[PDB]
Structure formats: structure tokens, C-alpha cells
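>>> Experimental structure and its sequence below.
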Amino acid sequence: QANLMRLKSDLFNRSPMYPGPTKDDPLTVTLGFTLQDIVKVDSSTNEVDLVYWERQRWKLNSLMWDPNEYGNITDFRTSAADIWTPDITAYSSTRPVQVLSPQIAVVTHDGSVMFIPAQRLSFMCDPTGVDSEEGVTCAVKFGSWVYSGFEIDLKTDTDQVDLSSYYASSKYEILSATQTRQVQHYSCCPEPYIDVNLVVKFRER
Amino acid sequence: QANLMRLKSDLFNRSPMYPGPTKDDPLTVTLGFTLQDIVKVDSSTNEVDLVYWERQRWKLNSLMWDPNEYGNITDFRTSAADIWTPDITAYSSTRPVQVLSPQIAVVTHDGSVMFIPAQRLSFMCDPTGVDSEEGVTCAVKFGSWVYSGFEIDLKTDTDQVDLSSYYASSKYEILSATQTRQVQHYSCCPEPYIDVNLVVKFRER
Amino acid sequence: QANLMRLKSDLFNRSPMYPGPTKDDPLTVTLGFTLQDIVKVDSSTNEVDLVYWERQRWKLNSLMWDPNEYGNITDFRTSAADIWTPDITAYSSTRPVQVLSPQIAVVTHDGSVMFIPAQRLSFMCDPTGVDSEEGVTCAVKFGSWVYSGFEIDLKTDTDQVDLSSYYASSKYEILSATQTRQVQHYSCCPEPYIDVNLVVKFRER
Amino acid sequence: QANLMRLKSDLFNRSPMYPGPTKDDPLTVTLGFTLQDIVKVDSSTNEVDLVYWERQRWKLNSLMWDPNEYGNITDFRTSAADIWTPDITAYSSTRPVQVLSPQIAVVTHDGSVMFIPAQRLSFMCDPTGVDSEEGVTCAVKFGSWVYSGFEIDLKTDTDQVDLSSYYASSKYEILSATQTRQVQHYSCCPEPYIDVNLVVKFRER
Amino acid sequence: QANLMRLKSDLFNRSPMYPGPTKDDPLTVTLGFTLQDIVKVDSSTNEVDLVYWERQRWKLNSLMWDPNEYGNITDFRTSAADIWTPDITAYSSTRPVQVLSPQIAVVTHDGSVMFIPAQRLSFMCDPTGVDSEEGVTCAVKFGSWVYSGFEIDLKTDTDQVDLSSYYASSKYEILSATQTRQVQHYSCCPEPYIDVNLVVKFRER
Ligand SMILES: CN1[C@@H]2CCC[C@H]1C[C@@H](NC(=O)c1nn(C)c3ccccc13)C2
Ligand SMILES: CN1[C@@H]2CCC[C@H]1C[C@@H](NC(=O)c1nn(C)c3ccccc13)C2
Ligand SMILES: CN1[C@@H]2CCC[C@H]1C[C@@H](NC(=O)c1nn(C)c3ccccc13)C2
Ligand SMILES: CN1[C@@H]2CCC[C@H]1C[C@@H](NC(=O)c1nn(C)c3ccccc13)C2
Ligand SMILES: CN1[C@@H]2CCC[C@H]1C[C@H](NC(=O)c1nn(C)c3ccccc13)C2
Ligand SMILES: *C1O[C@H](CO)[C@@H](O)[C@H](O)[C@H]1NC(C)=O
Ligand SMILES: *[C@@H]1O[C@H](CO)[C@@H](O)[C@H](O)[C@H]1NC(C)=O
Ligand SMILES: *[C@@H]1O[C@H](CO)[C@@H](O)[C@H](O)[C@H]1NC(C)=O
Ligand SMILES: *[C@@H]1O[C@H](CO)[C@@H](O)[C@H](O)[C@H]1NC(C)=O
Ligand code: NA
């Protein structure tokens, strides 16, 4: 708490805050999902609720420091409201996402930030076939809402969704879960937008 | 990050916020709807729920700059709470509108602002006949709540609601989707009032 | 915009906020209701849901200005948070009232304020007989919570509830809707309180 | 209004907020309840919902003033957020309480404060026998959450619950309703613990 | 109350905010659960709702003080927002935890802090067999969300969950309730994490 108080002051109070990436200084955000449980399936309205962890990672020069000047501190924890965060969001949610975890990020001396919110999400899915052997497939896109591919690019560290914390006695079993970076060119806008596509095939019991 | 900080502070920290339009200095807000899905139909209460993107566009002289002065930044993204926004509301909602996307807008050097919140709206519609071949038509009007057409004029770039992102496997099919500007030279108050009427015709299957 | 910025700064940033009325300087608030729809009837809990606009009007000398001193501005819109508002509330709600419109008010140069929040309200009503030819009668009264008649008085411009914007395809037809000034005395307190009684008789179909 | 603003400035700005009661300077909170309706009874979850008013009264020397020094002002109204309030909490709630009235308090020149929030409360109650003629009895205790009897004392003005505003067409019929101060000493601690027990016997029709 | 104001001002305002523990200056959080009721069991979504109090205890050296310098004050109550708090969270919640008690803590002159918030938690649990004589078992982990064992270790003053406040007329009786410290090693990280595993076996009637 000696040099850690002095470090956080030198980063947040003295210096201004990141106003977000630009075309001249773009940013790459790494995205990884941890599927925990499929909680609800509404066939009357086509809604499916997921509980998942959202791994987000990015790096800013204006967060870097030299450990030898701050008690050999390599990393720290702080409120996610102390730093800038990307506007990563689902394209087809039907309700406001609810947050299940503390909003705290980890900041490392290279300027890399690690932020992993646990969330609950209702989204659009016709769940017809979930009670069959073949199951049913759903998909929901995640990406920046207002920044283009020239300002925020996405990447994944793997095409496989982490299922190592999927709830055992879940009403549903996961057949396949894949997260896949796409580059989307919409008819509305001259700039492309980049998303990671969370695709899940699943079935009952 | 260097020129953008200076730009954001010159625009926001060096002038009081735009107090809004007046009779002498009216404003034109362009409006457009993207129907993503019809999410709920209640024939017992006559409530229908929509998920849509509401595109709002306007231009302010006080938000103009010369890029040459700012490292040739032509546009930037900022929190919607940094800038003035129009009081566009649905005239027949039954529940508070729920925001599904980040509250971020796009400001351009010409002074223009693009703001597209994704939203869930519950409004008044008798869905009787939805299970017929002919379907049922709902309608909901959007406009400024407190500004007359003398301060805020409305406008659409097209009469057709954007259906390019409509849920491929939706519970309902859209038969027609129109967005129409309407002007009341009388609405219980001696003053011209303007709305954009959203008319949606749809049926089950 | 230059003059309006100045008027608002002069009103809101150079004088302490109005501390509300007192016995020595009372206030009269005008109240009117516009019934848009009866959205829910629950005979198992005796709750009825209304959607209405509540019109509130009052005058403060501390909001007066001479137009000549400010570009001939005669009136402007501002956030309701910028001004004092009366604590008018429904007496028999069963759930927190929900606001459906922007919290913005019109201020006029003579010091008059017009504030019209659209709302959804759940209140105590036994709807027994609503499917009868005669119908059922519900009532909810609205008043200040902590200001007596010596500090806040209420009046109405008409005794008839505005039904000109009632949903044409509502589940319920309105047989009569009145709004009446009433003096209430409580056992706890000597001072009388003033409210406005909203009486609505309606039926199905 | 000049004297009021001056008085408010003197109480809330020329001084720090009351840090709360201590063992050297204890405080007595008078508690009284007003039952308005019993709105929900869930026999499967053992939850009952009340709509009631919680009357709290205490007196601070720091809130005293001589009316002669302030143009004869003997009392005023002000947002509950401007002053300290006791942590009177229900001990067996199942859900967060929902506020139904404005949060304004009345402050009298003797330093006394009167604060009466209207609330919807969900609490633990096996309602078995509510349809019988003997009905059912439910109870919920109210007191400080973190202050012992050494810091906050509780007191009632009467043992009868105010039924003068009980909903006339309520689904239920109140057989008895009492509010009783209770003290429980413990062998580990010299500090007593104080609560007011709200006991309601009721039945259908 | 004069001494208390000066104490709180010396500890909070004339001192930098505690930045949380590190590898160098780690922290031990003592954890305890008082179970009040099992309020909901959903067998179609595998969700169980608990209401409980969560006793948190820890000690900062930065919150120590000499009572002799501040009028023999041994402890005081203050908002949980005035001080740093551990990010203890449930690992398998399905909805945001709902706080039922005031967010106030107690700080002792030795620097120790006791924080006991009442809560409603929804978590993943297959309730299959609850209506049987053997009953059913649920488990939920609680621990820091961003800190490892190096920064935060957990402790329990006992291994039995307090059932002395369990609702007597509950829909369910408890068969066993344990709170047991566990040390994990998730594959993502080379550092260990501490958690306390609340395990509850129970049944109807
Ligand atoms: C990820 N985001 C980007 C692409 C679409 C969804 C969001 C919002 C944002 N959308 C848009 O900018 C957008 N959408 N429509 C239908 C338009 C029509 C005309 C002009 C702009 C737009 C950009
Ligand atoms: C966009 N807005 C304008 C047009 C109607 C919808 C909203 C509400 C606003 N309403 C009104 O201003 C309004 N309404 N009633 C019944 C009144 C009676 C007397 C004076 C004013 C009003 C006007
Ligand atoms: C409209 N108002 C609401 C809140 C305060 C003033 C009035 C009267 C009423 N509340 C009262 O103030 C009130 N009620 N009871 C039973 C009391 C007992 C002692 C002192 C005051 C009261 C409700
Ligand atoms: C207001 N309070 C009451 C209700 C819950 C919150 C607080 C905590 C309080 N509990 C106590 O602090 C408590 N209880 N027992 C049996 C003890 C034995 C030794 C030391 C402390 C306690 C109970
Ligand atoms: C369960 N966890 C959460 C809460 C604390 C213990 C652990 C550790 C912590 N972080 C992680 O869970 C975590 N980190 N990375 C890089 C991951 C990659 C894939 C899956 C999970 C993670 C948060
Ligand atoms: C508390 O403070 C007083 C004042 O200085 C001190 O003299 C005394 O030791 C303490 N209390 C007792 C035991 O008198
Ligand atoms: C755009 O502005 C930049 C400022 O660095 C300038 O270097 C550049 O010349 C400008 N564009 C043109 C016309 O080259
Ligand atoms: C307002 O209007 C009057 C009359 O038209 C005009 O003479 C005066 O200059 C105006 N004041 C301002 C500042 O616009
Ligand atoms: C209160 O002020 C008025 C004068 O404005 C006067 O009637 C009265 O004397 C004053 N109070 C007392 C106690 O005199
Ligand atoms: Na009243």
C-alpha cells in the first residue's frame, strides 16, 4: 500500500484518461467466453438465457510502468470504473444484461488489462428441437457497438468455448460451443464491424 | 489519443452544454427504425413488445471543428452523457423502455451526431387476428415530448423500416413496416407538433 | 443558444434553489389527468394498472425573467432536476410508480412551470363486477406527501378527466372519469392536506 | 424564502453531517406503523407482501434553531438525503423494500425529525389457515441493523397499528395488529438489543 | 459526536484510500453464514433462492487508532462506501444478489472491520429429490473474484452454518449446513484461489 497508492495516483489522477482508440491508434481486444449454464428456454417467445463469464483483454501504453520504480509491483486490481473499457455488446439481446460479478480489472505493468465480468443474458433463439437427440443450435454476436474494424479489432485465443465450469446438473448438455471472429460489412455503413460469434448447439437432459 | 483529448476538452470543457433548440434556432432530428424482432404478444392486456434500433441524427454548429487543427481527426466516439440529446419518446408505451446497447454517440467535424440505441419497448396494441392469414397491424408514434415543431422538426431518410437485421427464425413474419412523418397543427395545444408513425403489419408463422 | 445559456445560468447557477413553499409563502399546484389506458386488472390481488399523463402547473417568482434582457426568449425547456418540483404522489399505490416520458419541464417568463410526466401506476382496486354491464368503480387520490394545505394547495382546470387520448382498442371502455379537489384531515395532525381524487368507472369490452 | 434558504444553509452547510449516535450520546427512535393493505399471500413460498408506512421520529440538538432568528420559521420540509436517518430495517424480509412515497422529512425547530416512507415489504410468513375463520398470525421485527441498544433505543407511542387507512375493499380482514417494543439481553454482551415486533392476525374476506 | 467527526475525518479525508492487499501486504478475510430461509426452489430451471446474512471480518492497520486521543472511542459505525471492502462473491449465481440490509459497517480501534449484509441469492441447483425423505443437496462457492490466495486468504470461525435464525414455519427443514474452506487450482492460472463452500442438505415439511 506504500508505492501502490503512489502508482495509482500517477496513472489516474495526474494523467488524463484514454478517450478510446482511433483509426490512427487502433486497439485489439481479445475475447473469450466461459459458458456456465443454460438457465431458461422460452419457446413461446424465442428467448434463451445464458450465464457466462466474458474474458476481455487489451493493452494501452498509458497504463504501462516500470516495476523498479514502484516497489517491484508487477500488477494490481482496481475498479473497472477507474479505467477505460471497450463497448463490447451482444447484437441480439432481448433484455438488459445483468452483472453477477464484481467489476474489477487487473492491470499489468505492460499496460495489459484483464477484465472478466460474469453475466446473465437473454437473447434471440428459436429453441425448437432442444428435446431431440439432434438438439438445437443458437448463436449470438459480440462486438463493439460504435467502433469500426479500423478502430477496434477483435481476436480470440481459441475457437473453443471454455466448458470446464459448465454446471453439472444443468437442464441441458452442451453439444458444441464455438467462438469465431467475423468481419461484418453492413449495408448501412462504409466501415466494417468485427464480432466474435458465440455458437452453441445443445439439448435437454 | 493526443489530439483527441485536446479536441474533446475544447468542445466540452470550454463551453457550457448546448441548451437545446429554440424558436429562433430550430433543429432537425432525423429518425430511422431497425426492427430486430417482435418479442412478446399479449392479447390479455393488449401489449406487444419490440426490439429495435432507433437511429437519431442531428447537427450542431457548436460541435464543429477543423480536422487540420486536430491531427486530421474527422470524427470521434463519446458518451451520450457528454452531449445534448433529443427527447424522442414513444407516445404509447406501457413500460419504461429498456436500453440494450451502450450509450455512445458518433460526433463528426461537420458537427453531426449519430446515435443508435438498441431498445426493448412495450406499447399498446390489440394483437387479435395475429394467428390469421391477414395478420394484425400495430402502430406507435415517436416524437419529442416537450418540443413543438417550431423547435424540433422530424424527418426520415426513407419510409421503409429497416428489416435487414430481422430475426431469421422469428415467431412472426413482417408483412409491411413503414415509418411516416406526421404533423399535427393541433394536439390539444395551439402549436404544431410532429411525430414519426411506426406502422407494423405481422402474423404468426 | 448564447442567450438561453445565459438565462439558464442566471436562473440555476447564480441563486440557491427554491427551498419549497412555506406557510408564509404558499403555492398552488394545478393538476390534471389524461387517461391513456387501463392496462392490467388483477382480481386475485385487487390491483389495477393505469397509464396516464399527469399534468402539473405552478408559478415561482424566482423563475421570472424579462424577455428583453434575454433575446426575447419567452420560455424554454430544461431538465426537471434543474428546478424544484412538488411531492405529489398517489395515496394508494402498491408498486413504485414508473415514468414513461422524459423528465423535462417547460418554464415561462412569468415564472410558470408546466410538467407532464407520463406514468404507469399500480393501485388498490377490487375490480369485481368489471365483466358486468354496470362495471366497476375504482378510485385513487393524489396529493403532496408532506406539505399541508397551508403550504401547497391544489386545484383543477376541469373536473373531467381527459379521455381524448384513450386507447381506441383498449380492453376496457370508460364509463366515467372525474378528478375532484378534496380536503383531507388526519387524526395525527391538525393541519388539513389537499388532494385530488381520481374516480374511474369502467367495464370490459 | 430568504430565511428558509439561510436556515437550511446554516444547518446543512455550515456544519458536518451527524455521524450517528454513540454510547456517550445515544438516540431514541420512535417507531409507528400504518397498515394500508395486504397485497400478496404466497402459500408455496411462505412469503407475504405488505403495503404500509413506517413512521420514524428522532431529535437532534444539531438540528435545533430559534424561530426568532429566522423570521418565525418553526419547521420545514427537506429531502431525506440531506439529513442522517436511522438504519431501521426489517429482520425477516425476503426481497428489497420498494419505496412508494417521496423521501422527504419534516424538521421542527426543536430538532425533532419526522420521516414517513410508504413501502411494499415482502417477508417470511406461512399463511396456512388464512382462509379459515381463525385466520393466521404473521410477525416481522424492525430495528437498527448495526446499532445496539447502547446507541439506538426504540420506542412506540402506541401498541395499536394504524388501521385508519386500511384498504376498504381488501381481499383480507384484519383481526388484530400490534406493534410491540421488545428487548433481548445476552450473556456474552452488556449491550441490549431492541426491536419493534409487528404482529398481524388476519383472514380472507 | 465532536470527537467522532474528527476521528472519521482523520481516517477517511486526511488519508489516501486503501488500495487493497498485495502479495507483499496480504489480507485475511474471515467468513461466516447465517441461513434464514430457503425461499424458492425451481425444478424446471434448476434454481434455488436463499436468504442469509454473510458475516465478513478483516483488519487493516490503516484503520487503527488510539482511543485515548479521540475520547475513548473504541468503535464506530460508518457507511460501507467510506471504506474498502473485499469482493467476496458467489461463483454460481444466476441473478444479481439482492441486498436486504443497510450497507453499514463497524470499525474497531484495533483496525478490524465487521460487515454483515443480509442478502437474497439465486444459484444453480438441481432440486431433484427435495420432496423425498433423503432430501436433496445444494452447494455454492463464495470467494474473491480478482484476488488470489497470495493477496487474499479466507478463514471460518466454525464449520457449521448458523441455523439459529432459520425460519421455523419454513417450507423446508435443514438436514445439514456446512461452511468449509477449500483451496483450488484452476487451469487458467498458476496461482491458487481460496473459497468457502456452503453445502446444504434439506427437504420439504
Ligand atoms: C455494431 N454497430 C454498427 C453496425 C450495426 C449495429 C451497431 C450500430 C451502428 N449502426 C449504424 O450506424 C446504422 N444502422 N443502420 C440501419 C443505419 C442506417 C443509416 C446510417 C447508419 C446506420 C453501427
Ligand atoms: C408531445 N407532447 C405534446 C403533445 C401530446 C403528447 C405530449 C404531451 C404534451 N401534453 C400537453 O402539453 C397537455 N396535455 N393536456 C391534457 C394538457 C392540458 C392543458 C395544458 C397542456 C396539456 C403535449
Ligand atoms: C399526506 N401525509 C402523509 C405523510 C405525512 C403527512 C400526511 C399524513 C400522513 N402521515 C402522518 O404524518 C402520520 N400518520 N400517523 C399515524 C402519525 C402519527 C404520528 C405523527 C404523524 C403521523 C401521511
Ligand atoms: C442487529 N443484529 C442482530 C440481527 C442481525 C444483525 C445484527 C447482528 C446481531 N448478532 C450478534 O452480533 C450476535 N448474536 N449472538 C448470539 C452473538 C454471540 C456473540 C457475539 C455476537 C453475537 C443480531
Ligand atoms: C473463478 N475465477 C474467477 C474468480 C476467481 C477465481 C478464478 C480466477 C479469475 N479469472 C479466471 O477465471 C480466468 N482468467 N483467464 C485468463 C481465464 C481464461 C479462461 C477461463 C477462465 C479464466 C476469475
Ligand atoms: C477515558 O478517558 C479519560 C479522559 O482522559 C481517561 O482519564 C480514562 O482513563 C478513561 N476512562 C476511565 C476509566 O476513567
Ligand atoms: C491532414 O492533417 C494532417 C495533420 O497532421 C496533415 O499532416 C495532412 O497534410 C492533412 N491532409 C492532407 C491534405 O495531407
Ligand atoms: C426584441 O424585440 C423587440 C421588438 O421587435 C426589438 O426592438 C428588440 O431589439 C428585441 N430584443 C432582442 C434583444 O432581441
Ligand atoms: C414574527 O414576525 C412577525 C413580523 O413579520 C410578527 O408578527 C411577530 O412578532 C414575529 N414573532 C414574534 C414572536 O413576535
Ligand atoms: Na393528502
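Structure's in. What do you need? Residues are numbered from 1 along each chain as shown, chains lettered A, B, ... in the order given. Ligands and ions are numbered 1, 2, ... in the order given.
>>> residues touching residue A:46, list them.
When contacts are counted by CB atoms under 8 Å, 6 or more residues apart in numbering or on different chains, residue A:46 touches A:124, A:125, A:126, A:127, B:37, B:39, B:167, B:169, B:170, B:171. Where C-beta positions appear, they are placed from N, C-alpha and C, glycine not excepted.
>>> So among these, which ones count as buried?
Among the contacts of residue A:46, those buried by neighbour count (16 or more other CB atoms under 10 Å in any protein chain shown) are A:124, A:125, A:126, A:127, B:37, B:39, B:167, B:170, B:171.
>>> what's the closest of these to residue D:182?
The shortest gap between residue D:182 and any of the buried ones among the contacts of residue A:46 belongs to residue B:39, at 49.7 Å (CB to CB).
>>> Could you verify my assumption that the closest one touches residue A:94?
Yes: contact criterion CB atoms under 8 Å: residue B:39 and residue A:94 qualify, at 5.5 Å.
>>> Now do the shared contacts for these two.
Common contact partners of residue B:39 and residue A:94 (CB under 8 Å, 6+ apart): A:47, B:51, B:120.
>>> quick one: secondary structure of the last one?
Meaning residue B:120. Assigned with DSSP: H, G, I helix; E, B strand; the rest coil, residue B:120 falls in the strand class.
>>> Just give the nearest non-adjacent residue to it, would you?
Spatial nearest neighbour of residue B:120, excluding adjacent residues (CB to CB, 6 or more residues apart in numbering or on different chains): residue B:98 at 4.3 Å.
>>> What spatial separation is found between the one you found and residue D:162?
Look at residue B:98 and residue D:162: by CB to CB, to the nearest Å, they are 38 Å apart.
>>> So which of those two has more stuff around it?
Between residue B:98 and residue D:162, counted using other CB atoms under 10 Å in any protein chain shown, the more crowded position is residue D:162 (20 against 16).
>>> isn't the more buried one right up against residue D:54?
No: Residue D:162 is beyond contact range of residue D:54, at 11.1 Å (criterion: CB under 8 Å).
>>> Ligand 5 contacts on chain A?
Within reach of ligand 5 by CB under 6 Å from any ligand atom, chain A has these residues: A:32, A:34, A:55, A:116, A:162.
>>> just those residues now: which is nearest ligand 3?
Nearest to ligand 3 out of those is residue A:116 (CB to the nearest ligand atom; 46.9 Å).
>>> What I need now is the shared contacts of residue B:39 and residue A:94 written out in JSON lines, including neighbour count and distance to ligand 7 for each item.
Formatted as JSON lines, the shared contacts of residue B:39 and residue A:94 follow (neighbours: other CB atoms under 10 Å in any protein chain shown; distance: CB to the nearest ligand atom, whole Å):
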{"residue": "A:47", "neighbour count": "21", "distance to ligand 7": "49"}
{"residue": "B:51", "neighbour count": "23", "distance to ligand 7": "41"}
{"residue": "B:120", "neighbour count": "23", "distance to ligand 7": "42"}
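>>> ok, of these, which one's closest to chain D?
Checking the shared contacts of residue B:39 and residue A:94 against chain D by CB to the nearest CB gives residue B:120 as the nearest, at 21.7 Å.
>>> how near is the closest one to residue B:100?
According to CB to CB, residue B:120 and residue B:100 sit 6 Å apart.
>>> Pull up the overlap in contacts between the two.
By CB under 8 Å, 6+ apart, residue B:120 and residue B:100 have these common neighbours: A:94, A:95, B:51.
>>> Looking at those, which one is closest to residue D:63?
Among the shared contacts of residue B:120 and residue B:100, and counting by CB to CB, the member closest to residue D:63 is residue A:95, at 44.6 Å.
>>> what's around the closest one, how many residues?
Residue A:95: 16 neighbours (other CB under 10 Å).
>>> Next up, the contacts around it.
Residues counted as contacts of residue A:95 (CB under 8 Å, 6+ apart) are A:122, B:98, B:100, B:120.
>>> circling back to that earlier point, what do residue D:162 and residue D:54 both touch?
residue D:33.
>>> so what's residue A:88 up against?
Contacts of residue A:88 by CB under 8 Å, 6+ apart are A:29, A:31, A:54, A:56, A:142, A:143, A:144.
>>> ok, which stretches of chain A are strands?
A:27-42, A:47-59, A:75-79, A:88-90, A:98-99, A:104-108, A:112-115, A:118-124, A:136-144, A:152-155, A:172-184, A:193-204 (DSSP state E).
>>> now the ones you listed as TSV including distance to residue E:62?
Shown next, in TSV, are these (distance: least, CB to CB, whole Å):
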stretch	distance to residue E:62
strand A:27-42	35
strand A:47-59	32
strand A:75-79	17
strand A:88-90	36
strand A:98-99	29
strand A:104-108	20
strand A:112-115	26
strand A:118-124	30
strand A:136-144	40
strand A:152-155	39
strand A:172-184	43
strand A:193-204	42
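>>> out of the ones you listed, which comes closest to residue E:109?
Closest of the strands of chain A to residue E:109 is strand A:75-79, at 27.8 Å (criterion: CB to CB).
>>> Could you name the helices and strands sitting against the closest one?
Applying 3 or more CB pairs under 8 Å, 6 or more residues apart in numbering or on different chains; DSSP states H and E, one finds that strand A:75-79 makes contact with helix A:2-12, strand A:104-108.
>>> do the longest one and chain B meet?
Put plainly, it is helix A:2-12. No: Helix A:2-12 lies apart from chain B when judged by CB under 8 Å from any CB of the partner chain; the minimum separation is 14.5 Å.
>>> That helix and chain E, are they touching?
Yes: using CB under 8 Å from any CB, helix A:2-12 comes into contact with chain E via A:4, A:5, A:8, A:9.
>>> Can you say which of those are buried?
A:4, A:8.
>>> Bridge partners for the most centrally placed residue in chain A, pull those for me.
The residue lying closest to the centre of chain A (CA atoms, centre = their mean) is residue A:54, at 3.9 Å. Per DSSP bridges, the residues bridged to residue A:54 are residue A:33.
>>> Quick check: it touching residue A:33?
Yes: counting by CB under 8 Å, residue A:33 is a contact partner of residue A:54 at 6.3 Å.
>>> Please list all residues in contact with the closest residue to residue A:86 other than its chain neighbours.
In this structure, residue A:86 finds its nearest non-sequential neighbour in residue A:29, 5.1 Å apart by CB to CB, 6+ apart. Residue A:29 is in contact with A:56, A:57, A:58, A:86, A:88, A:144, A:152, A:153, A:154, A:155, counting by CB under 8 Å, 6+ apart.
>>> Now with 10 Å, please.
Counting by CB atoms under 10 Å, 6 or more residues apart in numbering or on different chains, residue A:29 makes contact with A:21, A:56-59, A:85-86, A:88, A:113, A:115, A:143-144, A:147, A:152-155, A:194, A:196.
>>> buried subset of those residues?
Buried members of the contacts of residue A:29, counted by 16+ other CB under 10 Å: A:21, A:56-58, A:85-86, A:88, A:113, A:115, A:143-144, A:147, A:152-154, A:194, A:196.
>>> Could you measure from residue A:179 over to residue A:195?
10 Å.
>>> I misspoke; the intended subject was residue A:46.
Distance, residue A:46 to residue A:195, by CB to CB: 20 Å.
>>> From residue A:63, how far out is the residue of chain A found nearest ligand 7?
Residue nearest to ligand 7 within chain A (CB to the nearest ligand atom): residue A:24, separated by 9.5 Å. Between residue A:24 and residue A:63 the computed distance is 19 Å (CB to CB).
>>> more neighbours, these two?
More neighbours surround residue A:63 than the other of residue A:24 and residue A:63, with 20 against 14 (other CB under 10 Å).
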